[PDB]
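Residue numbers (PDB author numbering), protein chains in the order written: chain B, 4 to 258, 265 to 543; chain A, 1 to 259, 265 to 543.
We treat Cβ as the ideally placed atom computed from N, Cα and C, and that holds for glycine.
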Ligand SMILES: C#CCCCCC[n+]1c(-c2ccccc2)c2cc(N)ccc2c2ccc(N)cc21
Ligand SMILES: [N-]=[N+]=NCCNc1c2c(nc3ccccc13)CCCC2
Ligand SMILES: [N-]=[N+]=NCCNc1c2c(nc3ccccc13)CCCC2
C-alpha cells in the first residue's frame with residue numbers, strides 16, 4: 004500500500020489514486036461521501052452529515068452524478084455531450100473529490116473549491132473540464148469539488164414547509180464546505196485559506212454563500228465566473244417556487266404540504282425530470298424551473314437587497330464574463346437560430362427573440378430593448394440582428410448583473426478584480442458566430458491545454474498557465490497579480506470611480522474601463538423604472 | 001425721371017419703384033428695398049390675414065429698408081455684438097409688410113433663378129434688413145435674384161383664437177405666402193425667373209419653409225427648398241388649436257381683456278403694441294427653453310393636420326430639399342434659462358444642475374421621460390464630470406429641438422420620393438464673440454451662405470472667404486438645378502443625396518467635403534421612436 008494515498012478523515016479511512024498529470028503525479032480522492040444519501044424520505048430535505056464508516060473506503064473513482072435532465076438535442080455532438088453526465092445518474096450523489104500534490108504538501112496549502120454550473124438543473128464535478136489534476140500538479144493547489152442536488156431534487160420548495168423548505172442544493176454545497184473546514188488539513192490543505200470558485204449557476208451559488216452568514220465562516224475569497232446571485236434567473240420568490248412545485252405535483256398526479270410532498274416522494278426520479286421544464290411561466294431562454302428561493306432563511310432577503318446593504322469589507326472577489334454569454338441560449342429556444350447555419354435572422358425574428366430572451370418585459374420594455382440594440386444605420390442587417398440578439402441575452406442575464414455586483418461589492422468595502430475572457434478555443438465545435446460561449450474559459454482556468462493529447466495550440470498552453478497563475482495567486486493572496494513578476498501590466502482592482510477590468514486573451518493583459526457602461530445603465534437603472542412605474 | 005439712373009427704374013403690379021445702385025466687393029448690384037406687398041396690417045387689420053397692397057401713384061422710393069415688425073428687443077447683454085446683431089436695425093412698427101429685392105447690375109438679360117429668404121427668431125423676432133441677410137454678395141457673385149420679406153411675428157403674426165374670423169392664426173405665414181405670390185407676379189420685372197424659385201430659411205424661417213411644403217396653396221409658388229437648422233415638425237414650431245386658444249385667452253387676461266371671440270379680439274386690438282410684447286412671454290405653460298408663445302397653429306386650414314401627420318403621409322415626388330444643422334444647435338438656449346449657464350464663464354455644471362436642465366430643456370417630459378433623457382446623455386464612466394454634463398446639456402437641447410426633427414424630416418421626405426441633400430455645418434467664425442464652449446451656435450452659418458466674408462472690411466480669414474464662396478456655390482447650384490454639386494468640377498468631392506438606406510450627409514467646414522453616414526442615428530432613434538412611446542404609454 005502507498006502511504007501517500009492513505010488518509011484518515013473524521014468519518015474514517017480513505018484510499019486515493021495516484022494520477023499522472025503532464026508534469027508529474029497527483030493524489031486524487033474521488034467519491035468521498037459528505038452526506039447521508041438524500042433518498043426516500045430524505046428527498047427534498049436538507050443534507051444530513053455522513054455517518055462514520057468501518058475499514059478503508061475506496062476513493063479511487065468518481066461517484067454517481069445527481070439525478071438530472073440529459074441533453075439529447077444534438078446526439079454525438081461534443082458541444083452538448085461534454086456537459087452531459089459522465090457517471091450513473093442517481094439520487095445517491097452527495098460525494099466530493101480532492102486533488103492534492105504528490106507528495107502531500109509539506110506546509111498548509113491554499114484550497115480552491117469548485118461549484119459547477121448547469122442552470123441549477125444539471126452538472127457534475129466529474130466532468131473532464133473540472134479535472135483538478137493540473138492545478139494540483141503545476142500550482143501545488145489542493146482542489147475540492149462537490150456534487151450538489153440539482154432540479155426538483157435540489158431546489159423544489161414548498162416555502163414554510165419543514166419537508167421541502169427549498170435551497171437544499173445550496174445546503175449540500177455548504178455541507179461540503181463544512182467538510183473542507185474539518186478534514187482538508189488531513190490532505191495538507193489550509194482550512195484558513197479557502198477560495199470558492201464557480202461558473203454560471205456555480206458562480207450564482209458562490210454569490211449566495213457570500214450573502215448567507217452561516218457560509219461566510221467557511222471561506223475567505225470568491226471567484227464568480229459568468230454568473231451572480233442577483234439577476235433575472237438565479238432566484239425566485241417564495242410565491243413563484245410554491246406555484247411551480249404545486250404545478251409539478253399536479254403534473255405528476257399529486258393532489265396540506267405534508268401530503269403533497271409525501272406523494273412527490275413516491276414518484277420515480279425520471280417522472281419528476283420529465284415534467285421539470287413544463288412549469289416555467291412563459292416561453293423563455295436562460296430561465297430554469299427549480300432554482301434558489303428567497304426563503305427568508307438561507308437568503309434573508311433578495312440578492313438585490315443583500316448586495317445593496319451588506320458590508321463586504323474583509324472580502325476579496327474575482328468576477329468576470331466571456332465574450333459571448335448569450336450565444337448558446339439562442340440555439341435552444343429562439344426561432345431562426347441553429348448551430349448548423351450562420352443564423353442570419355430577420356427584424357421580425359429579432360423582435361420575437363427579445364420577448365423570449367426578456368420574458369418579464371412588457372410591450373414597452375421590449376421596445377426599449379429593441380430600440381437600444383438596433384443599429385439604426387443597418388436596422389435590417391441579419392448579422393447585426395443575430396449579434397444584437399446574442400448581446401440582449403448575454404447582457405440581460407450575465408454582463409449587467411456582473412457589472413451591478415462588482416459595483417455594489419466595490420462600493421461596500423470588497424476588493425474586486427474584473428475580467429472579460431475573449432479567447433475562442435481552437436478545438437471549439439460550436440459555429441464561429443457563437444464566438445466564446447458560456448463556460449468555454451473553464452478548460453483554460455483548469456489547465457487542460459497542458460495535456461499534449463488534447464490538441465490545443467502552444468499559445469493556448471502558455472495562456473492556460475497564465476490563467477492558472479491568476480486564479481491561484483488570487484486564492485493565495487486575494488490579488489491575481491504575480492508578486493515575483495515586475496512589469497506585467499498589473500491587473501488593477503475594479504472600483505466604482507475608474508471601473509477598470511482586464512482582457513483575458515492570447516495578447517498580454519489590457520486594462521479597459523467601464524464594463525458595457527452605457528448598456529448596463531439601461532438594464533440596471535432604466536428598465537427597472539420601466540417595469541415598476543408601468 | 002430724366003436724370004435718374006435708367007437701370008434703377010422698374011414697374012411692378014402696384015406701380016413704379018426706384019431702387020439703389022449698391023457697392024459689393026466685386027462690382028455694383030441693384031437693390032429695391034422696402035417694396036410694400038400688403039396693406040399695413042394695423043388697426044382693425046391686426047391679427048387678420050394680409051390684404052394685397054393697393055396700387056400707388058408716382059415713383060415709390062425703394063432705396064432704404066422699411067420698418068421691422070413689432071417685436072421683443074433683447075437687452076440681456078447691452079453693447080454685446082452676440083445678441084445685438086439679431087436685434088432690429090430699423091423702427092419697430094405694425095406697418096412692416098415690405099420686401100427687398102437684390103439683382104445683378106445691370107439686371108440679367110435672361111430669366112435668373114430666384115432665392116427667397118425667410119428669417120428665423122422663434123416666430124417672435126427677426127427682420128429681413130439685418131446685416132447677415134444682405135443679398136448683395138449672392139446677387140453680385142452668383143448672378144442671383146434674391147428676395148427677402150418681413151412677416152409678422154409674436155402676437156401680431158401668430159396670436160390665434162382658432163375658429164374665429166378676426167384672429168384665425170398663421171397670419172405671419174400668410175404674409176410670407178403673399179410675398180411669394182408677389183414674386184410670381186412681379187419678379188420677371190427684375191429679371192428673375194418665376195419658374196425657378198427656391199425658398200431658403202433658418203430656424204423659425206426653416207420651420208416656415210417646411211410649412212410652405214406642407215400647405216398646398218404655397219406649393220405652386222416655389223420649386224425647391226432649403227431648411228437650415230429648423231423644421232415644421234418638432235416640439236416648438238407648432239401648437240394645437242387648444243394650446244393657442246389657451247395662450248391667447250391668457251394674454252387677453254394679462255392686458256385687461258376679459259374673456265365671445267369678437268369681444269376679446271376687439272379689446273386686444275385696442276391695446277398698444279408694446280403692452281402685447283410686455284406679456285408675450287408670460288403665457289408659456291412651463292419654465293422652458295426653445296419654446297415660443299405665439300407660433301403656427303394646427304388650424305385644419307393652413308396646416309390640414311399636424312406637421313408629423315403631413316410628413317408621414319405626403320407625396321414629395323417632384324421636390325428637391327437641402328437640409329442641415331450647425332455643430333451646436335442648443336448652446337445659445339442654455340445661457341437664456343438654464344441655471345448654471347453663462348456666456349461669461351466656462352459653464353461647468355453639476356449633476357443636479359444637469360437633471361434640473363433636462364426638465365427645462367424637455368418641458369413636456371414626464372418624470373420617467375426626463376430620466377430616459379438623463380440616462381441616455383450621461384457618460385456612465387464620468388457621470389459627475391462638469392464638462393461632459395455641460396456638453397450633454399447642449400446636446401439634449403440641440404438634438405431634441407433641431408437635429409432629430411431634421412433627421413426625421415430628411416428620412417420621411419427621402420422615403421416619400423424627394424431628393425434630399427443633408428449637411429452638418431462645423432465651422433466656428435473667427436470673428437465670434439460667444440464663448441468657445443458654445444461652439445458653432447444656431448444661425449452662425451448664415452453669414453457664410455450670404456457671403457459676408459467677401460467684404461474685406463469684415464475681418465474674416467482668407468480660408469473663410471474661400472469657404473463662403475464654396476457655400477454660395479452649393480446654395481445657388483441647388484437653386485439652379487436641384488443639386489448642390491458643380492457639373493464642371495468633378496474630382497471635387499461630391500455631395501451624395503441623403504437616402505433612407507445609406508443615410509449620407511456631408512460636413513461643411515474649412516476642409517473639403519467629407520461624407521458621413523447616419524445623422525446622430527442612435528440618439529435620434531431615442532427621440533423619434535422611443536420617447537413618443539414613453540408619452541403614448543405612461
Ligand atoms: C412660466 C413660464 C415660462 C418660462 C420661460 C420663458 C422665459 N422668459 C420670461 C419669463 C420669465 C418668468 C416667467 C414667465 C416668463 C420673460 C419675462 C418677461 N417679463 C420678459 C421677457 C422674458 C423672456 C424673454 C426671452 C426669453 N427667451 C425668455 C423669457
Ligand atoms: N444553462 N444550461 N446549461 C446546460 C447546457 N450545457 C452547457 C453548460 C455550460 N456551457 C455550455 C456552452 C455551450 C453549450 C452547452 C453548455 C456552462 C456550464 C454549465 C453547463
Ligand atoms: N430664437 N430666438 N433667438 C433670439 C436671439 N436671436 C438669435 C437668432 C439666431 N441665432 C442666435 C444665436 C445666438 C444669439 C441669438 C440668436 C438665429 C436667427 C434668428 C435669431
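query: My guess is that residue 237 (chain B) and residue 207 (chain B) are in contact by the Cβ rule of under 8 Å, so how many angstroms apart are they, rounded?
result: 4 Å
- prompt: DSSP on residue 124 (chain A), reduced to helix/strand/coil?
  reply: coil
Residue 505 (chain A): contacting residues in chain B (beta-carbon distance under 9 Å): By Cβ distance, chain B contributes nothing, its closest Cβ being about 10 Å from residue 505 (chain A), past 9 Å.
query: Taking DSSP as the reference, what is the three-state secondary structure of residue 69 (chain A)?
result: strand
- prompt: Given residue 543 (chain B), which residues of its chain have a CB within under 8 Å of its CB, disregarding the five upstream and five downstream residues?
  reply: 371 and 373
- prompt: Where do the ends of the beta strand (DSSP E) carrying residue 428 (chain B) lie?
  reply: 424-430
task: Could you tell me whether the segment 317-333 of chain B touches the segment 220-240 of chain B, using the rule of 3 or more Cβ pairs below 8 Å?
output: yes
message: Closer than 8 Å is the cut-off here; do at least three beta carbon pairs connect the segment 109-118 of chain B with the segment 479-492 of chain B?
response: yes
- request: Reducing DSSP to helix, strand and coil, say where residue 274 (chain A) ends up.
  value: coil
message: Please tell me whether residue 262 (chain B) and residue 244 (chain B) are closer than 8 Å, where the distance is taken between their beta carbons.
response: The model of chain B omits the segment between 258 and 265, and residue 262 (chain B) is among the residues lacking coordinates.
- prompt: Which residue from A:131, A:80 and A:158 puts its Cα closest to that of residue 303 (chain A)?
  reply: A:158
- prompt: Is residue 397 (chain A) close to chain B, meaning its C-beta is less than 8 Å from at least one C-beta of that chain?
  reply: no
field: Separation of residue 383 (chain B) from residue 415 (chain A), as counted between CA atoms
entry: 20 Å
- request: Please classify residue 165 (chain B): is it buried, with 16 or more other beta-carbons within 10 angstroms of its beta-carbon, or exposed?
  value: exposed
- prompt: With respect to the beta strand (DSSP E) encompassing residue 201 (chain B), which residues constitute its N-terminal and C-terminal limits?
  reply: 192-202
- prompt: Any beta-carbon of chain B closer than 8 Å to the one on residue 385 (chain A)?
  reply: yes
- prompt: Could you give the uninterrupted runs of the beta strand (DSSP E) lying entirely in the segment 19-49 of chain A, keeping only those of 3 residues or more?
  reply: 20-24 and 27-36
- prompt: Should the segment 131-139 of chain A be regarded as contacting the segment 270-284 of chain A, the criterion being three or more beta carbon pairs within less than 8 Å?
  reply: no
Per DSSP, cross-strand counterpart(s) of residue 59 (chain A): A:16
Beta-carbon spacing of residue 291 (chain B), residue 386 (chain A) below 8 Å: no
task: Confirm, please, whether the CB-CB distance from residue 344 (chain B) to residue 358 (chain B) is below 8 Å.
output: yes
- request: Taking only the alpha-carbon atoms, compute the straight-line gap between residue 474 (chain B) and residue 48 (chain B) and give it to the nearest angstrom.
  value: 41 Å
- request: Going by DSSP, name the residue or residues bridged to residue 101 (chain A).
  value: A:32 and A:147
- prompt: Between A:307, A:518, A:498 and A:18, which lies nearest to residue 163 (chain A) when the distance is taken from Cα to Cα?
  reply: A:307
query: Exposed or buried, residue 23 (chain B), counting other C-beta atoms within 10 Å across all chains shown (16 or more means buried)?
result: exposed
Span separating the alpha-carbon of residue 212 (chain B) from that of residue 177 (chain B): 8 Å
task: Express the C-alpha separation of residue 41 (chain A) and residue 51 (chain A) in angstroms, rounding to a whole number.
output: 8 Å
task: Assuming residue 89 (chain A) contacts residue 32 (chain A) (C-beta within less than 8 Å), just tell me the rounded distance between them.
output: Between residue 32 (chain A) and residue 89 (chain A) the Cβ distance is about 18 Å, and since that is not below 8 Å, they are no contact.
query: Are three or more beta carbon pairs between the segment 291-301 of chain B and the segment 79-96 of chain B nearer than 8 Å?
result: no
message: Which residue wins for smallest C-alpha separation from residue 312 (chain A), given the options A:401, A:417, A:365 and A:366?
response: A:417
message: Using 8 Å as the threshold, is the C-beta distance between residue 265 (chain A) and residue 316 (chain A) below it?
response: no
message: Which runs of the beta strand (DSSP E) at least 3 residues long sit entirely within the segment 168-247 of chain B? Give them in chain order.
response: 192-202 and 224-228
task: Tell me whether residue 133 (chain A) is buried or exposed, calling it buried when 16 or more other Cβ atoms sit within 10 Å of its Cβ.
output: buried
- request: Assess, as a yes-or-no matter, whether the segment 528-536 of chain B is touched by the segment 449-459 of chain B under the definition of 3 or more beta carbon pairs within less than 8 Å.
  value: no
query: What does residue 523 (chain A) reach in chain B if we use C-beta pairs closer than 7 Å?
result: 385 and 386
- prompt: Would you report the Cα separation of residue 14 (chain A) and residue 53 (chain A), rounded to the nearest angstrom?
  reply: 7 Å
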